[PDB]
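> Take a look at this one; I'll ask things after.
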Amino acid sequence: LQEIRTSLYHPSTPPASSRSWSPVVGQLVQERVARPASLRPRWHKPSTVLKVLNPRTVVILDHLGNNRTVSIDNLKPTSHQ
DNA sequence: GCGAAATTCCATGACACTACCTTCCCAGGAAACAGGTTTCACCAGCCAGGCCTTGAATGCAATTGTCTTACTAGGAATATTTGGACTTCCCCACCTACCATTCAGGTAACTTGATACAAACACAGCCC
């Protein structure tokens, strides 16, 4: 049974598309506003990546003084650095 | 030909009707409250003696309950006559919804002010 468990199907990683982007420690990033009210900013003010944990999970330093460990499906690259 | 600069490219994401709802956090303070201690004074519990009120027994008087009759008025049916509630249609003024502006009130604070309560000695009213 221990050799049954180690022969299981592993999923496939999709090919990385052309307009991907990678976080850089020091790059300016903007989180998404949590529950965006009507006629309000979708995004907060810029923030600087403290630490990168994997290429999908990044610790940013929010305007509140917050070490809010967000995903990279949250963030956007800060335009025109 | 390299580099700098001017330009075209293309992958992508967000717009689609939106707020509540739940549970935990935070928070400051405060709300008293629930908890508890402390002490003094008072109100409640105790018991009995005297008297007054209630209960009962009663006799009787008129009050009340029943019976009977002549009758008055109530009700119903009528025609009609009359008095109106609501449906109808339309327009205007009034209430509202809104923002900006400002004023007033509530909280809050520091002070002030004034009255009520607590105490003491005496007075008056009513009762035994």
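Ordering of the structure tokens sets the chain letters (A, B, ...); residue numbers start at 1 within each chain; ligands are numbered from 1 in the order shown.
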Residues of chain B were defined as contacting chain A if any atom lay at most 12 Å from it, counting only C-alpha atoms (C1' of nucleotides); please report them as a count of residues only.
7
> Got a sec: who's within 8 Å of stretch 26-32 of chain A, counting only C-alpha atoms (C1' of nucleotides), leaving out chain neighbours fewer than 2 positions off, as a PDB file with C-alpha atoms, in the first residue's frame?

```pdb
ATOM      1  CA  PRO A  23       7.856  39.904  -7.868  1.00  0.00           C
ATOM      2  CA  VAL A  24      11.191  41.473  -6.922  1.00  0.00           C
ATOM      3  CA  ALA A  34     -10.539  44.112   0.146  1.00  0.00           C
ATOM      4  CA  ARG A  42      -9.852  49.261  -6.605  1.00  0.00           C
ATOM      5  CA  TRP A  43      -6.259  49.298  -5.338  1.00  0.00           C
ATOM      6  CA  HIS A  44      -4.416  50.798  -2.417  1.00  0.00           C
ATOM      7  CA  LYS A  45      -1.333  52.992  -2.412  1.00  0.00           C
ATOM      8  CA  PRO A  46       2.017  51.422  -3.420  1.00  0.00           C
ATOM      9  CA  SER A  47       3.960  49.134  -1.127  1.00  0.00           C
ATOM     10  CA  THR A  48       7.377  47.511  -1.133  1.00  0.00           C
ATOM     11  CA  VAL A  49       7.872  43.737  -1.096  1.00  0.00           C
ATOM     12  CA  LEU A  50       9.714  42.737   2.059  1.00  0.00           C
ATOM     13  CA  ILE A  60       4.088  43.365   1.341  1.00  0.00           C
ATOM     14  CA  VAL A  70      -0.877  38.336   0.082  1.00  0.00           C
ATOM     15  CA  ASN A  74      -3.864  39.999  -5.472  1.00  0.00           C
ATOM     16  CA  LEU A  75      -1.094  42.419  -6.430  1.00  0.00           C
ATOM     17  CA  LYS A  76      -0.446  44.534  -9.493  1.00  0.00           C
ATOM     18  CA  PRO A  77       2.895  45.846 -10.757  1.00  0.00           C
ATOM     19  CA  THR A  78       3.130  49.530  -9.923  1.00  0.00           C
ATOM     20  CA  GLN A  81       8.820  52.624 -12.066  1.00  0.00           C
TER      21      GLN A  81
END
```
> Could you tell me, as a PyMOL selection string, which residues of chain A DSSP assigns to strand (DSSP E or B) when given the backbone?
chain A and resi 28-30+32+43+47-54+57-60+69-71+76-77
> Which parts of chain A does DSSP call helix (DSSP H, G or I) when run on the backbone here, written out as a ChimeraX atom specification?
/A:2-5
> In Å to one decimal, how far is atom CA of residue A:35 from atom CA of residue A:56?
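Straight-line distance from atom CA of residue A:56 to atom CA of residue A:35 works out to 21.9 Å.
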> Atom CA of residue A:39 and atom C1' of residue B:21, how far apart in Å?
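That distance, rounded to one decimal, is 23.1 Å.
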> State, in Å with one decimal place, the distance from atom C1' of residue B:8 to atom CA of residue A:72.
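Separating atom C1' of residue B:8 from atom CA of residue A:72 is a distance of 29.5 Å.
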